[PDB]
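Each remark here refers to the structure printed beneath this line.
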Amino acid sequence: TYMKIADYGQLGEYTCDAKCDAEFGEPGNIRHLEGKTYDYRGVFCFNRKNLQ
Amino acid sequence: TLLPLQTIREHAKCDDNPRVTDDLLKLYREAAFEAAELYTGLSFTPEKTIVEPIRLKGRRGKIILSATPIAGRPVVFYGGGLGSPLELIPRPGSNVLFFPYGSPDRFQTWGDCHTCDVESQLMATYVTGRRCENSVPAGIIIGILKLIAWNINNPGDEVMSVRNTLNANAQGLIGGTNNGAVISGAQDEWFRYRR
Amino acid sequence: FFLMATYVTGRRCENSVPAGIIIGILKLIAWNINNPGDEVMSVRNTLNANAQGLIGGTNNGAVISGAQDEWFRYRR
Amino acid sequence: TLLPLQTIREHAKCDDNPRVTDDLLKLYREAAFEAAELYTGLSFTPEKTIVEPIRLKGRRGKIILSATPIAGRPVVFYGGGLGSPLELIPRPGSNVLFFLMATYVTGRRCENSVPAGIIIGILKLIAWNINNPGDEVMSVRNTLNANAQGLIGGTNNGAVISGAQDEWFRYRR
Amino acid sequence: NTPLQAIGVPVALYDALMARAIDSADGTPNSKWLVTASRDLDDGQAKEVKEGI
Amino acid sequence: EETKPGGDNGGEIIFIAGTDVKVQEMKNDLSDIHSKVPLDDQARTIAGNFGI
C-alpha cells in the first residue's frame with residue numbers, strides 16, 4: 001500500500017487587519033490505497049537418456 | 001395465520017368451558033409470541049433491513065451484527081476510513097464476522113477546525129428477517145401453547161412459587177423463580193434451538 | 001464510547017406496549033384486588049403450621065405472581 | 001407413513017374425544033419428530049443445498065461445517081487463497097473436517113427410517129402433551145403438593161419426565 | 001562393548017515423557033473464566049452479558 | 001484410553017455427554033517400600049560392629 005494525497009486545501013484568506021482571529025479553510029485528502037502483485041510460473045519436463 | 005384460536009382452545013382444555021373470552025385470548029396470544037421471539041432471537045416480518053454503526057471489536061475482525069442477517073446475503077460496510085464500500089457474506093446462525101485487515105482505501109481528512117478531522121464512524125447496512133414464508137418449527141409453537149395454557153388460569157391470585165437451587169436465601173423468603181413460561185414446560189420446549 | 005446530548009427517545013409511536021404491562025400489570029392488579037395484605041399464605045394453601053417462624057417473608061402482599069417476572073423478561 | 005394416526009389414537013387411548021382433532025394431533029406429531037431428529041439426529045428434510053464461507057486460522061485448517069452434510073456428498077471449496085476449487089468427502093455423523101467459500105447439501109431422506117426405538121419415545125412424548133398442558137405444575141404420580149418452602153419443579157416439561165429423552169439416548173455416543 | 005548397551009531403557013523413558021510434553025503442550029485449553037449462565041436468560045442479552053465480560 | 005502419548009486423540013480433553021462417569025486417581029506412593037529409616041539403622045549396626 002502507499003499514500004495518494006489528493007489536493008492541498010485552501011488555508012489562508014487575506015483577511016482584514018483588525019480581527020483577532022483567522023478563518024477556517026478546506027481540508028486535504030490522502031487516500032491511503034493499496035495494490036497487489038501477480039505471479040508467473042510454468043513447467044517443462046525431460047527424459048534422462050534423451051538429454052545425455 | 002400462524003396459530004388459530006381453535007388450536008389454543010383445544011390443547012388448553014378450554015373448548016367446552018371457555019374460562020376466558022376471545023379478546024383476552026388474542027391479548028394473551030400476542031404476549032405468547034413476543035416472549036419466545038426475544039428469548040431465542042427471531043422476528044415476525046421478513047426483510048428487516050437495519051442500518052447500524054458497526055463497532056469492530058479489536059482489529060482482527062471481531063465485528064458483531066446485532067440482528068444476525070441472512071445466511072448468504074452480502075452485508076455492506078462503509079465509513080470508518082472506508083473510502084469505498086465492500087460486501088461480506090455472514091455466518092448462518094451466528095453474527096460473529098471478520099473484518100479483513102487488508103484495507104481497500106483510507107480517505108482521511110487531515111486538517112480541519114470545524115470537525116477536528118476525527119472520523120465518520122464505521123457503519124453497516126444489512127437485512128434481518130431471514131424467515132420469509134414464515135416457516136417456524138412446531139417447537140416454539142407447542143411451548144407457546146404451553147404458555148397460554150399456563151396463563152389462562154393464573155390471574156395472579158395464587159402464589160405458585162417453586163424452589164430454585166438448594167440453599168434457602170438468608171433473608172428467609174419463600175424462594176424465587178415463580179415465572180410464567182419458565183416454571184411450566186415452555187423453557188424446556190424451545191431450548192433445542194437456543195445455542 | 002465516543003458533554004451534553006438531547007435526543008427524542010421512546011418507541012411509543014404506535015402505542016408500543018409489547019408485553020410487560022399486558023401481563024404483569026393485569027396479574028398485579030388482580031393480586032391487589034383479591035389478595036390484600038392481612039394474612040400470610042402458602043403454596044395453594046391458607047397456612048402451614050411448621051411449628052416455627054412463618055415462611056411469610058414475601059407471600060403476604062409482595063409481587064409473588066409472574067408479573068414482576070414478565071417485567072424481568074422484558075428488561076432482559 | 002412413518003407414524004399413522006391410528007397408532008397414536010390407540011396408544012394414547014384418545015379416539016372418542018373430539019377435543020383432540022387431526023390438525024392439533026398433526027401439530028403434536030410434527031413436534032415429536034423435530035425433537036427426535038435433534039436430540040439424536042435423524043435429518044428430517046428433503047435434500048437441501050447450503051452456501052457457506054469457511055476460514056483459515058486453525059493451523060492445520062480444522063474446518064467445521066455448520067450444517068453437517070448428509071453422509072458423503074463432496075463439498076466444494078473456493079476463494080480465500082485457494083486457487084482451484086476441490087471436493088471433499090466428509091465422514092458421516094459429524095462435521096469436523098480438515099483443510100474461503102464453500103457449498104454443500106444437507107437433506108438426507110429418501111427411504112423411510114426411524115427404527116422402533118425412536119417411535120417409543122415419540123408415542124410417550126405425544127401421550128404426554130395431549131393431557132398435560134403448561135398449567136398445574138404437578139408432583140409425584142401426578143399429584144399436587146403443599147410444600148411450605150417451595151415446589152418440586154421441572155415436572156410439567158415434556159419428553160424429559162416421560163420417555164423420549166432416555167428412550168433415545170440408546171442412539172447417541 | 002559400547003555404552004549404548006545399558007542406556008536403552010532410560011532413553012526410551014526420556015522420549016516417552018517428552019512425547020507426553022508435546023501432546024500436553026498443544027491440546028489442553030489455555031483459557032480461564034469458565035462462565036456459565038442460567039436457563040432463563042433471553043438469548044439476545046446473553047450475548048450482551050458475554051460482550052460485557 | 002486413547003489419550004496416551006502417541007494416540008489418536010492424545011492430549012485432548014475428554015467429553016462425556018450425559019451419564020456422568022466418576023474418576024478417582026490412586027496415589028500408589030511405593031516410595032518407602034524398603035523402610036528407609038529402619039534400614040539404614042541396621043546397616044549402621046552391622047557396619048559399626050565390624051569397626052567401620
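Chain lettering (A, B, ...) mirrors the order of the C-alpha cells, residue numbering begins at 1 for each chain separately, and ligand numbering begins at 1 in order of display.
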
Please identify which residues in chain C DSSP calls helix (DSSP H, G or I) from the backbone, and express them as a PyMOL selection string.
chain C and resi 20-34+67-75

Keeping only N, CA, C and O atoms, take the residues you just selected and write them out as a JSON list (two decimals), in the first residue's frame.
[["chain", "number", "residue", "atom", "x", "y", "z"],
["C", 20, "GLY", "N", -44.96, -6.22, 28.88],
["C", 20, "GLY", "CA", -44.82, -6.12, 30.33],
["C", 20, "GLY", "C", -46.03, -5.58, 31.04],
["C", 20, "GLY", "O", -46.45, -6.16, 32.04],
["C", 21, "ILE", "N", -46.67, -4.55, 30.49],
["C", 21, "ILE", "CA", -47.92, -4.09, 31.05],
["C", 21, "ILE", "C", -48.99, -5.16, 30.91],
["C", 21, "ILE", "O", -49.53, -5.65, 31.91],
["C", 22, "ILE", "N", -49.20, -5.61, 29.67],
["C", 22, "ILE", "CA", -50.30, -6.50, 29.30],
["C", 22, "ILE", "C", -50.39, -7.70, 30.22],
["C", 22, "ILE", "O", -51.49, -8.15, 30.57],
["C", 23, "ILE", "N", -49.25, -8.25, 30.65],
["C", 23, "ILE", "CA", -49.24, -9.40, 31.55],
["C", 23, "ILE", "C", -49.06, -8.97, 33.00],
["C", 23, "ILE", "O", -49.90, -9.27, 33.86],
["C", 24, "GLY", "N", -47.95, -8.28, 33.31],
["C", 24, "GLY", "CA", -47.62, -8.02, 34.70],
["C", 24, "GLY", "C", -48.62, -7.13, 35.41],
["C", 24, "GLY", "O", -48.98, -7.40, 36.55],
["C", 25, "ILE", "N", -49.07, -6.06, 34.75],
["C", 25, "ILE", "CA", -49.95, -5.13, 35.44],
["C", 25, "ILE", "C", -51.31, -5.77, 35.70],
["C", 25, "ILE", "O", -51.91, -5.58, 36.76],
["C", 26, "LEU", "N", -51.80, -6.57, 34.75],
["C", 26, "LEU", "CA", -53.03, -7.31, 34.97],
["C", 26, "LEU", "C", -52.88, -8.29, 36.13],
["C", 26, "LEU", "O", -53.73, -8.34, 37.03],
["C", 27, "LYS", "N", -51.80, -9.07, 36.14],
["C", 27, "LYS", "CA", -51.59, -10.02, 37.23],
["C", 27, "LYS", "C", -51.49, -9.30, 38.57],
["C", 27, "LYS", "O", -52.05, -9.75, 39.58],
["C", 28, "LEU", "N", -50.81, -8.15, 38.60],
["C", 28, "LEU", "CA", -50.57, -7.46, 39.86],
["C", 28, "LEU", "C", -51.83, -6.78, 40.36],
["C", 28, "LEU", "O", -52.09, -6.75, 41.57],
["C", 29, "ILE", "N", -52.64, -6.21, 39.46],
["C", 29, "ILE", "CA", -53.89, -5.60, 39.89],
["C", 29, "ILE", "C", -54.86, -6.67, 40.37],
["C", 29, "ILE", "O", -55.61, -6.46, 41.33],
["C", 30, "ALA", "N", -54.85, -7.85, 39.74],
["C", 30, "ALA", "CA", -55.66, -8.96, 40.25],
["C", 30, "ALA", "C", -55.20, -9.37, 41.64],
["C", 30, "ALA", "O", -56.02, -9.60, 42.54],
["C", 31, "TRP", "N", -53.88, -9.49, 41.83],
["C", 31, "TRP", "CA", -53.35, -9.83, 43.14],
["C", 31, "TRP", "C", -53.74, -8.79, 44.18],
["C", 31, "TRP", "O", -54.08, -9.13, 45.32],
["C", 32, "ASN", "N", -53.71, -7.51, 43.81],
["C", 32, "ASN", "CA", -54.03, -6.44, 44.75],
["C", 32, "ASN", "C", -55.52, -6.32, 45.02],
["C", 32, "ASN", "O", -55.90, -5.78, 46.06],
["C", 33, "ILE", "N", -56.37, -6.81, 44.12],
["C", 33, "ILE", "CA", -57.81, -6.71, 44.36],
["C", 33, "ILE", "C", -58.34, -7.93, 45.11],
["C", 33, "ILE", "O", -59.27, -7.80, 45.91],
["C", 34, "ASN", "N", -57.78, -9.12, 44.88],
["C", 34, "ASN", "CA", -58.28, -10.32, 45.56],
["C", 34, "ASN", "C", -57.33, -10.84, 46.63],
["C", 34, "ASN", "O", -57.60, -11.90, 47.21],
["C", 67, "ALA", "N", -45.92, -11.43, 37.51],
["C", 67, "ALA", "CA", -45.98, -10.07, 36.99],
["C", 67, "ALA", "C", -44.58, -9.46, 36.88],
["C", 67, "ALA", "O", -44.11, -9.14, 35.78],
["C", 68, "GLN", "N", -43.92, -9.29, 38.02],
["C", 68, "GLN", "CA", -42.56, -8.78, 38.03],
["C", 68, "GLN", "C", -41.61, -9.68, 37.26],
["C", 68, "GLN", "O", -40.57, -9.21, 36.80],
["C", 69, "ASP", "N", -41.97, -10.95, 37.07],
["C", 69, "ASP", "CA", -41.12, -11.84, 36.28],
["C", 69, "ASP", "C", -41.26, -11.57, 34.78],
["C", 69, "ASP", "O", -40.27, -11.65, 34.05],
["C", 70, "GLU", "N", -42.46, -11.25, 34.30],
["C", 70, "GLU", "CA", -42.57, -10.77, 32.93],
["C", 70, "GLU", "C", -41.85, -9.43, 32.77],
["C", 70, "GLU", "O", -41.23, -9.17, 31.73],
["C", 71, "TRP", "N", -41.94, -8.58, 33.79],
["C", 71, "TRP", "CA", -41.12, -7.36, 33.81],
["C", 71, "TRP", "C", -39.64, -7.69, 33.68],
["C", 71, "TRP", "O", -38.91, -7.03, 32.92],
["C", 72, "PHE", "N", -39.18, -8.70, 34.42],
["C", 72, "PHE", "CA", -37.81, -9.19, 34.29],
["C", 72, "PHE", "C", -37.50, -9.54, 32.85],
["C", 72, "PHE", "O", -36.52, -9.06, 32.27],
["C", 73, "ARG", "N", -38.32, -10.42, 32.27],
["C", 73, "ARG", "CA", -38.03, -10.97, 30.96],
["C", 73, "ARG", "C", -38.03, -9.90, 29.89],
["C", 73, "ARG", "O", -37.31, -10.02, 28.89],
["C", 74, "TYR", "N", -38.82, -8.83, 30.06],
["C", 74, "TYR", "CA", -38.74, -7.75, 29.09],
["C", 74, "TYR", "C", -37.55, -6.82, 29.36],
["C", 74, "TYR", "O", -36.96, -6.31, 28.40],
["C", 75, "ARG", "N", -37.17, -6.61, 30.60],
["C", 75, "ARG", "CA", -35.98, -5.81, 30.83],
["C", 75, "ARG", "C", -34.83, -6.54, 30.18],
["C", 75, "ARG", "O", -33.92, -5.92, 29.63]]

How close does chain D get to chain C? List, as a tab-separated table, each residue of chain D within 7 Å, its nearest atom pair and the distance in Å to one decimal, counting only C-alpha atoms.
residue	atom	partner	partner_atom	distance
D:146	CA	C:43	CA	5.7
D:147	CA	C:43	CA	6.9
D:148	CA	C:42	CA	6.3

Which polymer residues have any atom within 7 Å of an atom of region 58-61 of chain C, counting only C-alpha atoms, with same-chain residues fewer than 2 positions away left out, as a ChimeraX atom specification?
/B:159,173-174 /C:36-37,39-41,56,63-64

Dump of N, CA and C atoms for the selected residues, as a PDB file, in the first residue's frame:
ATOM      1  N   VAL B 159     -50.104 -18.009  44.765  1.00  0.00           N
ATOM      2  CA  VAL B 159     -48.681 -17.680  44.817  1.00  0.00           C
ATOM      3  C   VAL B 159     -47.909 -18.480  43.770  1.00  0.00           C
ATOM      4  N   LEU B 173     -37.034 -15.819  52.700  1.00  0.00           N
ATOM      5  CA  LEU B 173     -38.187 -15.582  51.845  1.00  0.00           C
ATOM      6  C   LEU B 173     -38.819 -16.921  51.469  1.00  0.00           C
ATOM      7  N   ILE B 174     -39.802 -16.884  50.565  1.00  0.00           N
ATOM      8  CA  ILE B 174     -40.429 -18.110  50.079  1.00  0.00           C
ATOM      9  C   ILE B 174     -39.652 -18.734  48.929  1.00  0.00           C
TER      10      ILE B 174
ATOM     11  N   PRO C  36     -55.520  -8.676  49.539  1.00  0.00           N
ATOM     12  CA  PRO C  36     -54.981  -7.576  50.344  1.00  0.00           C
ATOM     13  C   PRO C  36     -54.014  -8.111  51.387  1.00  0.00           C
ATOM     14  N   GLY C  37     -53.226  -7.203  51.956  1.00  0.00           N
ATOM     15  CA  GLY C  37     -52.257  -7.640  52.940  1.00  0.00           C
ATOM     16  C   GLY C  37     -52.836  -7.682  54.337  1.00  0.00           C
ATOM     17  N   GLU C  39     -53.079 -11.422  55.848  1.00  0.00           N
ATOM     18  CA  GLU C  39     -52.773 -12.762  56.319  1.00  0.00           C
ATOM     19  C   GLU C  39     -51.727 -13.392  55.413  1.00  0.00           C
ATOM     20  N   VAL C  40     -50.778 -14.095  56.018  1.00  0.00           N
ATOM     21  CA  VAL C  40     -49.755 -14.811  55.266  1.00  0.00           C
ATOM     22  C   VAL C  40     -50.370 -16.052  54.636  1.00  0.00           C
ATOM     23  N   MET C  41     -49.882 -16.412  53.457  1.00  0.00           N
ATOM     24  CA  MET C  41     -50.384 -17.546  52.697  1.00  0.00           C
ATOM     25  C   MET C  41     -49.268 -18.564  52.484  1.00  0.00           C
ATOM     26  N   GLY C  56     -43.827 -16.580  55.728  1.00  0.00           N
ATOM     27  CA  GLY C  56     -44.485 -15.458  55.085  1.00  0.00           C
ATOM     28  C   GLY C  56     -43.603 -14.242  54.894  1.00  0.00           C
ATOM     29  N   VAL C  63     -44.862  -9.039  45.347  1.00  0.00           N
ATOM     30  CA  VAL C  63     -45.063  -9.421  43.952  1.00  0.00           C
ATOM     31  C   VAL C  63     -44.655 -10.887  43.831  1.00  0.00           C
ATOM     32  N   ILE C  64     -45.597 -11.777  44.134  1.00  0.00           N
ATOM     33  CA  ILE C  64     -45.330 -13.206  44.022  1.00  0.00           C
ATOM     34  C   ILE C  64     -45.743 -13.734  42.652  1.00  0.00           C
TER      35      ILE C  64
END

Near-residue 26 (chain E) list (12 Å; only C-alpha atoms; drop same-chain fewer than 2 positions) as a PyMOL selection string:
(chain D and resi 59) or (chain E and resi 19-24+28-30) or (chain F and resi 9-13)

With C-alpha atoms kept, could you save the residues just selected as an mmCIF file, in the first residue's frame?
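Printed below is again_26.cif as written:
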data_model
loop_
_atom_site.group_PDB
_atom_site.id
_atom_site.type_symbol
_atom_site.label_atom_id
_atom_site.label_comp_id
_atom_site.auth_asym_id
_atom_site.auth_seq_id
_atom_site.Cartn_x
_atom_site.Cartn_y
_atom_site.Cartn_z
ATOM 1 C CA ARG D 59 -3.136 -24.176 11.871
ATOM 2 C CA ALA E 19 6.199 -37.142 23.869
ATOM 3 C CA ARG E 20 3.807 -36.518 26.764
ATOM 4 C CA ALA E 21 5.205 -32.977 26.870
ATOM 5 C CA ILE E 22 4.435 -32.308 23.194
ATOM 6 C CA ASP E 23 0.895 -33.709 23.315
ATOM 7 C CA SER E 24 0.021 -31.920 26.558
ATOM 8 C CA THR E 28 -5.113 -28.525 26.705
ATOM 9 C CA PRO E 29 -7.291 -25.381 26.846
ATOM 10 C CA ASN E 30 -5.330 -22.329 27.967
ATOM 11 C CA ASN F 9 -6.624 -38.051 20.223
ATOM 12 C CA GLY F 10 -3.643 -37.729 22.544
ATOM 13 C CA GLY F 11 -3.562 -34.810 24.946
ATOM 14 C CA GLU F 12 -7.072 -33.550 24.191
ATOM 15 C CA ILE F 13 -9.791 -33.234 26.820
#

Neighbours of chain B in chain E at 8 Å, counting only C-alpha atoms, as a PyMOL selection string:
chain E and resi 39-44

Check every residue of chain B for an atom within 9 Å of chain A, counting only C-alpha atoms, and provide those that qualify as a ChimeraX atom specification.
/B:83,102-114,117

Chain B contacts to chain C at 7 Å (only C-alpha atoms) as a list in words
residues 31, 155, 156, 157, 158, 159, 160, 161, 172, 173, 174, 178, 179 and 180 of chain B

Please find the residues of chain F near chain D - the criterion being any atom within 12 Å, counting only C-alpha atoms - and write them as a CSV table (one decimal) with N, CA and C atoms, in the first residue's frame.
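This is the output file iface18.csv:
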chain,number,residue,atom,x,y,z
F,15,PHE,N,-14.7,-35.5,26.8
F,15,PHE,CA,-16.1,-35.0,26.9
F,15,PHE,C,-17.0,-36.2,27.0
F,16,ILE,N,-17.8,-36.2,28.1
F,16,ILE,CA,-18.8,-37.2,28.3
F,16,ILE,C,-20.2,-36.5,28.4
F,17,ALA,N,-21.0,-36.6,27.4
F,17,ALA,CA,-22.3,-36.0,27.4
F,17,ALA,C,-23.3,-37.0,28.1
F,18,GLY,N,-23.8,-36.6,29.2
F,18,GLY,CA,-24.7,-37.4,30.0
F,18,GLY,C,-24.0,-38.6,30.6
F,19,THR,N,-24.7,-39.2,31.6
F,19,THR,CA,-24.2,-40.4,32.3
F,19,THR,C,-22.8,-40.1,32.9

Closest atom pairs, chain D residues within 7 Å of chain B, only C-alpha atoms, as a Markdown table:
| residue | atom | partner | partner_atom | distance |
| --- | --- | --- | --- | --- |
| D:19 | CA | B:10 | CA | 5.5 |
| D:20 | CA | B:10 | CA | 6.6 |
| D:24 | CA | B:7 | CA | 6.2 |
| D:27 | CA | B:138 | CA | 6.8 |
| D:30 | CA | B:138 | CA | 6.7 |
| D:31 | CA | B:138 | CA | 5.1 |
| D:51 | CA | B:72 | CA | 6.8 |
| D:133 | CA | B:146 | CA | 5.6 |
| D:134 | CA | B:146 | CA | 4.2 |
| D:135 | CA | B:150 | CA | 4.2 |
| D:137 | CA | B:184 | CA | 6.6 |
| D:149 | CA | B:174 | CA | 6.0 |
| D:150 | CA | B:163 | CA | 4.6 |
| D:151 | CA | B:162 | CA | 4.1 |
| D:152 | CA | B:162 | CA | 6.4 |
| D:153 | CA | B:162 | CA | 6.0 |
| D:154 | CA | B:183 | CA | 7.0 |
| D:156 | CA | B:185 | CA | 5.4 |
| D:157 | CA | B:185 | CA | 3.6 |
| D:158 | CA | B:185 | CA | 6.4 |

Give me a file of those residues, with N, CA and C atoms, as a tab-separated table (two decimals), in the first residue's frame.
chain	number	residue	atom	x	y	z
D	19	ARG	N	-62.05	-33.23	21.36
D	19	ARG	CA	-61.18	-32.13	21.76
D	19	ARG	C	-59.82	-32.22	21.09
D	20	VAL	N	-59.37	-33.43	20.76
D	20	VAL	CA	-58.11	-33.64	20.06
D	20	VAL	C	-58.47	-34.04	18.63
D	24	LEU	N	-54.70	-30.58	15.35
D	24	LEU	CA	-53.91	-30.44	16.57
D	24	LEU	C	-53.04	-31.66	16.81
D	27	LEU	N	-50.06	-31.31	14.58
D	27	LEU	CA	-49.11	-30.37	15.18
D	27	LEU	C	-48.27	-31.06	16.25
D	30	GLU	N	-45.71	-33.54	14.36
D	30	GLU	CA	-44.52	-32.90	13.80
D	30	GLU	C	-43.62	-32.31	14.88
D	31	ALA	N	-44.17	-32.05	16.07
D	31	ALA	CA	-43.36	-31.56	17.18
D	31	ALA	C	-42.60	-32.67	17.89
D	51	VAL	N	-25.02	-22.62	0.99
D	51	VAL	CA	-23.83	-21.87	0.60
D	51	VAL	C	-23.21	-21.27	1.86
D	133	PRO	N	-50.96	-29.97	29.73
D	133	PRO	CA	-50.57	-28.63	29.26
D	133	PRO	C	-49.70	-27.91	30.28
D	134	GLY	N	-49.38	-26.65	30.00
D	134	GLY	CA	-48.46	-25.89	30.82
D	134	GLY	C	-48.97	-25.39	32.14
D	135	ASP	N	-50.20	-25.72	32.52
D	135	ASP	CA	-50.75	-25.31	33.80
D	135	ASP	C	-50.72	-26.47	34.79
D	137	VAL	N	-48.55	-27.27	37.52
D	137	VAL	CA	-47.29	-27.97	37.75
D	137	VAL	C	-47.50	-29.00	38.86
D	149	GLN	N	-41.90	-24.71	51.76
D	149	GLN	CA	-40.74	-23.99	51.25
D	149	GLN	C	-40.95	-23.52	49.82
D	150	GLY	N	-41.14	-24.46	48.90
D	150	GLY	CA	-41.38	-24.11	47.52
D	150	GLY	C	-42.23	-25.14	46.81
D	151	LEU	N	-41.80	-25.54	45.62
D	151	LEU	CA	-42.41	-26.65	44.91
D	151	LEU	C	-41.28	-27.50	44.33
D	152	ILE	N	-41.65	-28.55	43.60
D	152	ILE	CA	-40.67	-29.55	43.19
D	152	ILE	C	-40.09	-29.23	41.81
D	153	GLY	N	-40.90	-28.68	40.91
D	153	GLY	CA	-40.39	-28.09	39.69
D	153	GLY	C	-39.89	-29.03	38.62
D	154	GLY	N	-39.89	-28.55	37.38
D	154	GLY	CA	-39.36	-29.32	36.27
D	154	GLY	C	-40.07	-30.63	36.02
D	156	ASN	N	-43.64	-30.60	34.68
D	156	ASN	CA	-44.60	-30.40	33.60
D	156	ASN	C	-43.93	-30.15	32.26
D	157	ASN	N	-42.61	-30.32	32.17
D	157	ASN	CA	-41.90	-30.19	30.91
D	157	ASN	C	-41.88	-31.52	30.19
D	158	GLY	N	-42.05	-31.47	28.87
D	158	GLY	CA	-42.27	-32.68	28.10
D	158	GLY	C	-40.99	-33.39	27.71

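Counting only C-alpha atoms, the residue from E:33, E:7, E:17, E:12 that sits nearest to residue 53 (chain E) is E:33.
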